[PDB]
file input_29.pdb (PDB, C-alpha atoms)
ATOM      1  CA  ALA A   1      35.388 149.756  40.563
ATOM      2  CA  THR A   2      31.794 149.510  41.776
ATOM      3  CA  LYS A   3      30.736 151.776  44.698
ATOM      4  CA  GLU A   4      30.504 148.722  46.910
ATOM      5  CA  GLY A   5      33.893 147.547  45.635
ATOM      6  CA  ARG A   6      35.583 150.873  46.562
ATOM      7  CA  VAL A   7      34.236 150.843  50.120
ATOM      8  CA  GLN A   8      35.286 147.225  50.468
ATOM      9  CA  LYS A   9      38.825 147.983  49.335
ATOM     10  CA  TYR A  10      39.133 150.899  51.764
ATOM     11  CA  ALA A  11      37.882 148.802  54.588
ATOM     12  CA  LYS A  12      40.356 146.071  53.701
ATOM     13  CA  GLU A  13      43.215 148.587  53.702
ATOM     14  CA  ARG A  14      42.250 150.175  57.031
ATOM     15  CA  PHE A  15      41.996 146.775  58.727
ATOM     16  CA  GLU A  16      45.262 145.552  57.286
ATOM     17  CA  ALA A  17      46.901 148.768  58.636
ATOM     18  CA  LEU A  18      45.861 147.676  62.144
ATOM     19  CA  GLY A  19      47.553 144.311  61.684
ATOM     20  CA  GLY A  20      44.310 142.542  60.619
ATOM     21  CA  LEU A  21      43.905 139.637  58.141
ATOM     22  CA  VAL A  22      40.990 140.181  55.758
ATOM     23  CA  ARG A  23      39.227 137.406  53.759
ATOM     24  CA  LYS A  24      36.236 137.455  51.364
ATOM     25  CA  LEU A  25      33.852 134.914  52.866
ATOM     26  CA  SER A  26      31.349 132.571  51.306
ATOM     27  CA  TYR A  27      29.556 129.459  52.578
ATOM     28  CA  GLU A  28      29.554 126.087  50.918
ATOM     29  CA  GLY A  29      25.987 125.383  49.853
ATOM     30  CA  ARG A  30      24.372 128.291  51.666
ATOM     31  CA  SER A  31      24.052 132.045  51.053
ATOM     32  CA  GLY A  32      24.128 134.974  53.416
ATOM     33  CA  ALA A  33      27.746 134.955  54.634
ATOM     34  CA  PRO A  34      29.125 138.375  55.684
ATOM     35  CA  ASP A  35      31.241 139.928  52.885
ATOM     36  CA  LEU A  36      34.421 140.177  54.977
ATOM     37  CA  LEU A  37      36.006 138.141  57.788
ATOM     38  CA  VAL A  38      38.447 140.375  59.659
ATOM     39  CA  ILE A  39      40.861 138.843  62.163
ATOM     40  CA  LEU A  40      42.447 141.636  64.273
ATOM     41  CA  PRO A  41      45.223 141.298  66.884
ATOM     42  CA  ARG A  42      44.381 139.745  70.276
ATOM     43  CA  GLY A  43      41.780 137.456  68.838
ATOM     44  CA  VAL A  44      39.248 140.096  67.852
ATOM     45  CA  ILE A  45      37.009 138.674  65.120
ATOM     46  CA  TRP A  46      34.689 140.957  63.062
ATOM     47  CA  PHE A  47      32.320 140.025  60.308
ATOM     48  CA  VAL A  48      31.706 142.984  58.053
ATOM     49  CA  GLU A  49      29.015 143.394  55.402
ATOM     50  CA  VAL A  50      29.702 146.100  52.815
ATOM     51  CA  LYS A  51      27.014 148.020  50.907
ATOM     52  CA  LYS A  52      27.057 150.590  48.120
ATOM     53  CA  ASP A  53      25.701 153.492  50.207
ATOM     54  CA  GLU A  54      24.444 154.390  53.681
ATOM     55  CA  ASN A  55      20.760 153.883  52.775
ATOM     56  CA  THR A  56      21.116 150.348  51.485
ATOM     57  CA  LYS A  57      19.969 147.749  54.017
ATOM     58  CA  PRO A  58      21.221 144.144  53.766
ATOM     59  CA  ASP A  59      18.673 141.768  52.137
ATOM     60  CA  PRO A  60      16.327 139.697  54.385
ATOM     61  CA  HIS A  61      18.394 136.477  54.413
ATOM     62  CA  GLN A  62      21.419 138.511  55.275
ATOM     63  CA  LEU A  63      19.656 140.269  58.129
ATOM     64  CA  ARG A  64      18.474 136.967  59.676
ATOM     65  CA  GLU A  65      21.987 135.562  59.362
ATOM     66  CA  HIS A  66      23.460 138.659  61.118
ATOM     67  CA  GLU A  67      21.009 138.212  63.919
ATOM     68  CA  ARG A  68      21.857 134.465  64.344
ATOM     69  CA  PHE A  69      25.466 135.574  64.749
ATOM     70  CA  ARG A  70      24.756 138.466  67.121
ATOM     71  CA  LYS A  71      22.375 136.396  69.371
ATOM     72  CA  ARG A  72      25.467 134.314  70.167
ATOM     73  CA  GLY A  73      27.600 137.344  70.827
ATOM     74  CA  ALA A  74      29.525 137.658  67.585
ATOM     75  CA  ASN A  75      30.588 141.074  66.117
ATOM     76  CA  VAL A  76      28.779 141.801  62.856
ATOM     77  CA  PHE A  77      28.841 145.268  61.306
ATOM     78  CA  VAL A  78      27.402 146.810  58.159
ATOM     79  CA  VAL A  79      29.176 149.687  56.411
ATOM     80  CA  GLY A  80      28.265 151.528  53.289
ATOM     81  CA  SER A  81      30.552 154.490  52.986
ATOM     82  CA  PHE A  82      34.109 155.485  53.823
ATOM     83  CA  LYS A  83      32.834 157.515  56.762
ATOM     84  CA  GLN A  84      31.101 154.460  58.207
ATOM     85  CA  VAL A  85      34.313 152.468  57.994
ATOM     86  CA  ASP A  86      36.128 155.227  59.871
ATOM     87  CA  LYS A  87      33.378 155.424  62.581
ATOM     88  CA  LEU A  88      33.338 151.686  63.037
ATOM     89  CA  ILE A  89      37.044 151.654  63.806
ATOM     90  CA  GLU A  90      36.858 154.729  66.021
ATOM     91  CA  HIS A  91      33.986 153.425  68.091
ATOM     92  CA  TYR A  92      34.482 149.648  68.252
ATOM     93  CA  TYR A  93      38.216 149.058  68.032
TER      94      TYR A  93
ATOM     95  CA  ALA B   1      29.277 109.151  54.176
ATOM     96  CA  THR B   2      33.028 109.667  53.841
ATOM     97  CA  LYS B   3      35.174 109.279  57.010
ATOM     98  CA  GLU B   4      35.796 113.005  56.978
ATOM     99  CA  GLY B   5      32.079 113.616  56.422
ATOM    100  CA  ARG B   6      31.104 111.524  59.496
ATOM    101  CA  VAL B   7      33.500 113.364  61.809
ATOM    102  CA  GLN B   8      32.267 116.664  60.432
ATOM    103  CA  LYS B   9      28.643 115.760  61.090
ATOM    104  CA  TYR B  10      29.408 114.696  64.665
ATOM    105  CA  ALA B  11      31.278 117.862  65.309
ATOM    106  CA  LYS B  12      28.396 119.889  63.911
ATOM    107  CA  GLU B  13      25.945 118.077  66.196
ATOM    108  CA  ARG B  14      28.067 118.485  69.337
ATOM    109  CA  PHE B  15      28.511 122.214  68.710
ATOM    110  CA  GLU B  16      24.854 122.762  67.960
ATOM    111  CA  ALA B  17      24.050 120.987  71.286
ATOM    112  CA  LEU B  18      26.037 123.713  73.075
ATOM    113  CA  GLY B  19      23.966 126.424  71.414
ATOM    114  CA  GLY B  20      26.514 126.994  68.593
ATOM    115  CA  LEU B  21      25.826 128.013  64.956
ATOM    116  CA  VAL B  22      27.874 125.972  62.483
ATOM    117  CA  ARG B  23      28.632 127.013  58.857
ATOM    118  CA  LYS B  24      30.699 125.369  56.081
ATOM    119  CA  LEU B  25      33.176 128.070  55.097
ATOM    120  CA  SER B  26      34.814 128.919  51.813
ATOM    121  CA  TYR B  27      36.604 132.026  50.527
ATOM    122  CA  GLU B  28      35.750 133.921  47.395
ATOM    123  CA  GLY B  29      38.708 133.575  45.054
ATOM    124  CA  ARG B  30      41.090 131.992  47.538
ATOM    125  CA  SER B  31      41.565 128.504  49.016
ATOM    126  CA  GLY B  32      42.529 127.370  52.473
ATOM    127  CA  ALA B  33      39.500 128.406  54.553
ATOM    128  CA  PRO B  34      38.867 126.272  57.675
ATOM    129  CA  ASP B  35      36.135 123.657  57.028
ATOM    130  CA  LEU B  36      33.823 124.906  59.793
ATOM    131  CA  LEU B  37      33.020 128.291  61.359
ATOM    132  CA  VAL B  38      31.529 127.697  64.805
ATOM    133  CA  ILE B  39      29.896 130.577  66.672
ATOM    134  CA  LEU B  40      29.342 129.565  70.337
ATOM    135  CA  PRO B  41      27.518 131.546  73.055
ATOM    136  CA  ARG B  42      29.236 134.611  74.565
ATOM    137  CA  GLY B  43      31.010 135.472  71.374
ATOM    138  CA  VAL B  44      33.344 132.490  71.252
ATOM    139  CA  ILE B  45      34.451 131.959  67.648
ATOM    140  CA  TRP B  46      36.211 128.708  66.568
ATOM    141  CA  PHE B  47      37.480 127.744  63.173
ATOM    142  CA  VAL B  48      37.634 123.991  62.851
ATOM    143  CA  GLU B  49      39.372 121.936  60.168
ATOM    144  CA  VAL B  50      38.168 118.337  59.863
ATOM    145  CA  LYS B  51      40.286 115.435  58.584
ATOM    146  CA  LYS B  52      39.613 111.778  57.844
ATOM    147  CA  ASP B  53      41.839 110.374  60.620
ATOM    148  CA  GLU B  54      44.214 111.406  63.404
ATOM    149  CA  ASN B  55      47.352 110.972  61.256
ATOM    150  CA  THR B  56      46.261 113.239  58.435
ATOM    151  CA  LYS B  57      47.893 116.673  58.610
ATOM    152  CA  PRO B  58      46.279 119.654  56.840
ATOM    153  CA  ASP B  59      47.934 120.489  53.471
ATOM    154  CA  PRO B  60      50.657 123.212  53.335
ATOM    155  CA  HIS B  61      48.402 126.106  52.250
ATOM    156  CA  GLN B  62      46.020 125.183  54.990
ATOM    157  CA  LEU B  63      48.760 125.111  57.603
ATOM    158  CA  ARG B  64      50.043 128.587  56.620
ATOM    159  CA  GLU B  65      46.492 129.926  56.722
ATOM    160  CA  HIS B  66      45.962 128.456  60.244
ATOM    161  CA  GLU B  67      49.118 130.121  61.391
ATOM    162  CA  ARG B  68      48.086 133.552  59.939
ATOM    163  CA  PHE B  69      44.919 133.204  62.004
ATOM    164  CA  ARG B  70      46.624 132.029  65.199
ATOM    165  CA  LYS B  71      49.381 134.747  65.054
ATOM    166  CA  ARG B  72      46.513 137.217  65.512
ATOM    167  CA  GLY B  73      45.006 135.267  68.357
ATOM    168  CA  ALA B  74      42.193 133.420  66.629
ATOM    169  CA  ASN B  75      41.059 129.881  67.698
ATOM    170  CA  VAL B  76      41.803 127.315  64.996
ATOM    171  CA  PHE B  77      41.592 123.592  65.712
ATOM    172  CA  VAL B  78      42.102 120.447  63.662
ATOM    173  CA  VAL B  79      40.155 117.273  64.445
ATOM    174  CA  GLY B  80      40.204 113.944  62.745
ATOM    175  CA  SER B  81      38.241 111.540  64.856
ATOM    176  CA  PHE B  82      35.249 111.518  67.177
ATOM    177  CA  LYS B  83      37.581 111.315  70.160
ATOM    178  CA  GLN B  84      39.375 114.475  69.059
ATOM    179  CA  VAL B  85      36.084 116.330  68.821
ATOM    180  CA  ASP B  86      35.236 115.240  72.361
ATOM    181  CA  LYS B  87      38.709 116.291  73.696
ATOM    182  CA  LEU B  88      38.526 119.643  71.991
ATOM    183  CA  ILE B  89      35.270 120.454  73.744
ATOM    184  CA  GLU B  90      36.449 119.091  77.083
ATOM    185  CA  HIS B  91      39.687 121.027  77.063
ATOM    186  CA  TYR B  92      38.901 124.303  75.278
ATOM    187  CA  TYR B  93      35.251 125.038  75.969
TER     188      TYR B  93
END

call {"tool": "encode", "arguments": {"input": "input_29.pdb", "output": "structure tokens"}}
result
Amino acid sequence: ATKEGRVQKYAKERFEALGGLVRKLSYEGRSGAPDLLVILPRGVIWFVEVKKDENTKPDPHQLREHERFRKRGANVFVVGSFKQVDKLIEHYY
Amino acid sequence: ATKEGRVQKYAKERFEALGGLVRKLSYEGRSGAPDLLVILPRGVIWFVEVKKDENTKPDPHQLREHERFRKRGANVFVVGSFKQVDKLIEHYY
């Protein structure tokens, strides 16, 4: 697809293999929502932003939105390659 | 505003008074997302659907989506009056 699209599809497949529900998120009347909402068993909720490669940072409005979430304790992760998806699961799940 | 709009605004204000971040949610290319994502301190995540009155049930696609979330342990609540917002906070927070 697109590079970003391929990483997103892999992530979706890995999370669904763990029993997770994956949704593509957007906000009504606001930008900056994380690309994926991931609902994993036992009430684990992850918000995952997907980028095209490991050197691509999220844009400024995205970064401020991730920090608003994390200040309150929410799980927000950024991945930009298949390896990063694999490390996220290994280390955080 | 609309009845549903007034309850939604009250809910937003009550959650923001607890330190919460409130967002109006939508999905890309899918319907049925809960009306509100609420991120409360200490990583508490609530999805809240708001209706115009206490007798209005969510539509069928919404109900199936709430159950997909709750099967995995997520917090999904439906409120349709100011009193229900108040009871939700009293009982669940």

call {"tool": "resolve_selection", "arguments": {"input": "input_29.pdb", "expression": "the PyMOL selection byres ((chain B) within 9 of (chain A))", "output": "ChimeraX atom specification"}}
result
/B:19-21,23-30,33,39-45,68-75

call {"tool": "write_last_selection", "arguments": {"input": "input_29.pdb", "atoms": "C-alpha atoms", "output": "mmCIF file, in the coordinates of the input"}}
result
data_model
loop_
_atom_site.group_PDB
_atom_site.id
_atom_site.type_symbol
_atom_site.label_atom_id
_atom_site.label_comp_id
_atom_site.auth_asym_id
_atom_site.auth_seq_id
_atom_site.Cartn_x
_atom_site.Cartn_y
_atom_site.Cartn_z
ATOM 1 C CA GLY B 19 23.966 126.424 71.414
ATOM 2 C CA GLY B 20 26.514 126.994 68.593
ATOM 3 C CA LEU B 21 25.826 128.013 64.956
ATOM 4 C CA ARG B 23 28.632 127.013 58.857
ATOM 5 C CA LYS B 24 30.699 125.369 56.081
ATOM 6 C CA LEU B 25 33.176 128.070 55.097
ATOM 7 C CA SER B 26 34.814 128.919 51.813
ATOM 8 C CA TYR B 27 36.604 132.026 50.527
ATOM 9 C CA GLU B 28 35.750 133.921 47.395
ATOM 10 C CA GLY B 29 38.708 133.575 45.054
ATOM 11 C CA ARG B 30 41.090 131.992 47.538
ATOM 12 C CA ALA B 33 39.500 128.406 54.553
ATOM 13 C CA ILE B 39 29.896 130.577 66.672
ATOM 14 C CA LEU B 40 29.342 129.565 70.337
ATOM 15 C CA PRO B 41 27.518 131.546 73.055
ATOM 16 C CA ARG B 42 29.236 134.611 74.565
ATOM 17 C CA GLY B 43 31.010 135.472 71.374
ATOM 18 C CA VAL B 44 33.344 132.490 71.252
ATOM 19 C CA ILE B 45 34.451 131.959 67.648
ATOM 20 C CA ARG B 68 48.086 133.552 59.939
ATOM 21 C CA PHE B 69 44.919 133.204 62.004
ATOM 22 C CA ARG B 70 46.624 132.029 65.199
ATOM 23 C CA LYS B 71 49.381 134.747 65.054
ATOM 24 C CA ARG B 72 46.513 137.217 65.512
ATOM 25 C CA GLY B 73 45.006 135.267 68.357
ATOM 26 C CA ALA B 74 42.193 133.420 66.629
ATOM 27 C CA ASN B 75 41.059 129.881 67.698
#

call {"tool": "atom_distance", "arguments": {"input": "input_29.pdb", "atom1": "CA of residue 78 (chain B)", "atom2": "CA of residue 61 (chain B)"}}
result
14.2 Å

call {"tool": "closest_residue", "arguments": {"input": "input_29.pdb", "among": "B:10, B:63, B:58, B:17", "to": "residue 83 (chain B)", "atoms": "only C-alpha atoms"}}
result
B:10

call {"tool": "atom_distance", "arguments": {"input": "input_29.pdb", "atom1": "CA of residue 80 (chain B)", "atom2": "CA of residue 50 (chain B)"}}
result
5.6 Å

call {"tool": "atom_distance", "arguments": {"input": "input_29.pdb", "atom1": "CA of residue 84 (chain B)", "atom2": "CA of residue 6 (chain B)"}}
result
13.0 Å

call {"tool": "resolve_selection", "arguments": {"input": "input_29.pdb", "expression": "the PyMOL selection byres ((chain B and resi 82) around 12)", "output": "ChimeraX atom specification"}}
result
/B:3-14,50-54,78-81,83-89

call {"tool": "calpha_fit_and_write", "arguments": {"input": "input_29.pdb", "fixed": "chain B", "moving": "chain A", "output": "short mmCIF file (atom, residue, chain, number, x, y, z; two decimals) with C-alpha atoms, in the coordinates of the input"}}
result
data_model
loop_
_atom_site.label_atom_id
_atom_site.label_comp_id
_atom_site.auth_asym_id
_atom_site.auth_seq_id
_atom_site.Cartn_x
_atom_site.Cartn_y
_atom_site.Cartn_z
CA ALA A 1 29.28 109.15 54.18
CA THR A 2 33.03 109.67 53.84
CA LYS A 3 35.17 109.28 57.01
CA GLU A 4 35.80 113.01 56.98
CA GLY A 5 32.08 113.62 56.42
CA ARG A 6 31.10 111.52 59.50
CA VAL A 7 33.50 113.36 61.81
CA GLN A 8 32.27 116.66 60.43
CA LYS A 9 28.64 115.76 61.09
CA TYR A 10 29.41 114.70 64.67
CA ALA A 11 31.28 117.86 65.31
CA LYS A 12 28.40 119.89 63.91
CA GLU A 13 25.95 118.08 66.20
CA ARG A 14 28.07 118.48 69.34
CA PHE A 15 28.51 122.21 68.71
CA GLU A 16 24.85 122.76 67.96
CA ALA A 17 24.05 120.99 71.29
CA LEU A 18 26.04 123.71 73.08
CA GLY A 19 23.97 126.42 71.41
CA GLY A 20 26.51 126.99 68.59
CA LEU A 21 25.83 128.01 64.96
CA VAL A 22 27.87 125.97 62.48
CA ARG A 23 28.63 127.01 58.86
CA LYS A 24 30.70 125.37 56.08
CA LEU A 25 33.18 128.07 55.10
CA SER A 26 34.81 128.92 51.81
CA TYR A 27 36.60 132.03 50.53
CA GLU A 28 35.75 133.92 47.40
CA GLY A 29 38.71 133.57 45.05
CA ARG A 30 41.09 131.99 47.54
CA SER A 31 41.57 128.50 49.02
CA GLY A 32 42.53 127.37 52.47
CA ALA A 33 39.50 128.41 54.55
CA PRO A 34 38.87 126.27 57.68
CA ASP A 35 36.14 123.66 57.03
CA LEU A 36 33.82 124.91 59.79
CA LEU A 37 33.02 128.29 61.36
CA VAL A 38 31.53 127.70 64.80
CA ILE A 39 29.90 130.58 66.67
CA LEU A 40 29.34 129.56 70.34
CA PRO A 41 27.52 131.55 73.05
CA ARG A 42 29.24 134.61 74.57
CA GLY A 43 31.01 135.47 71.37
CA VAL A 44 33.34 132.49 71.25
CA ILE A 45 34.45 131.96 67.65
CA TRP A 46 36.21 128.71 66.57
CA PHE A 47 37.48 127.74 63.17
CA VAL A 48 37.63 123.99 62.85
CA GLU A 49 39.37 121.94 60.17
CA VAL A 50 38.17 118.34 59.86
CA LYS A 51 40.29 115.43 58.58
CA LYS A 52 39.61 111.78 57.84
CA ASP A 53 41.84 110.37 60.62
CA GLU A 54 44.21 111.41 63.40
CA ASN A 55 47.35 110.97 61.26
CA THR A 56 46.26 113.24 58.44
CA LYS A 57 47.89 116.67 58.61
CA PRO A 58 46.28 119.65 56.84
CA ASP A 59 47.93 120.49 53.47
CA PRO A 60 50.66 123.21 53.33
CA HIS A 61 48.40 126.11 52.25
CA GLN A 62 46.02 125.18 54.99
CA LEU A 63 48.76 125.11 57.60
CA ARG A 64 50.04 128.59 56.62
CA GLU A 65 46.49 129.93 56.72
CA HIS A 66 45.96 128.46 60.24
CA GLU A 67 49.12 130.12 61.39
CA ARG A 68 48.09 133.55 59.94
CA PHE A 69 44.92 133.20 62.00
CA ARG A 70 46.62 132.03 65.20
CA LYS A 71 49.38 134.75 65.05
CA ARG A 72 46.51 137.22 65.51
CA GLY A 73 45.01 135.27 68.36
CA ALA A 74 42.19 133.42 66.63
CA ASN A 75 41.06 129.88 67.70
CA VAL A 76 41.80 127.32 65.00
CA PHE A 77 41.59 123.59 65.71
CA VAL A 78 42.10 120.45 63.66
CA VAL A 79 40.16 117.27 64.44
CA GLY A 80 40.20 113.94 62.75
CA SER A 81 38.24 111.54 64.86
CA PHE A 82 35.25 111.52 67.18
CA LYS A 83 37.58 111.32 70.16
CA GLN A 84 39.38 114.48 69.06
CA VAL A 85 36.08 116.33 68.82
CA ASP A 86 35.24 115.24 72.36
CA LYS A 87 38.71 116.29 73.70
CA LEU A 88 38.53 119.64 71.99
CA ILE A 89 35.27 120.45 73.74
CA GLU A 90 36.45 119.09 77.08
CA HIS A 91 39.69 121.03 77.06
CA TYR A 92 38.90 124.30 75.28
CA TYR A 93 35.25 125.04 75.97
#

call {"tool": "axis_aligned_box", "arguments": {"input": "input_29.pdb", "around": "region 13-30 of chain B", "padding_each_side": "5 Å", "output": "JSON"}}
result
{"center_x": 32.5, "center_y": 126.0, "center_z": 59.1, "size_x": 27.1, "size_y": 25.8, "size_z": 38.0}
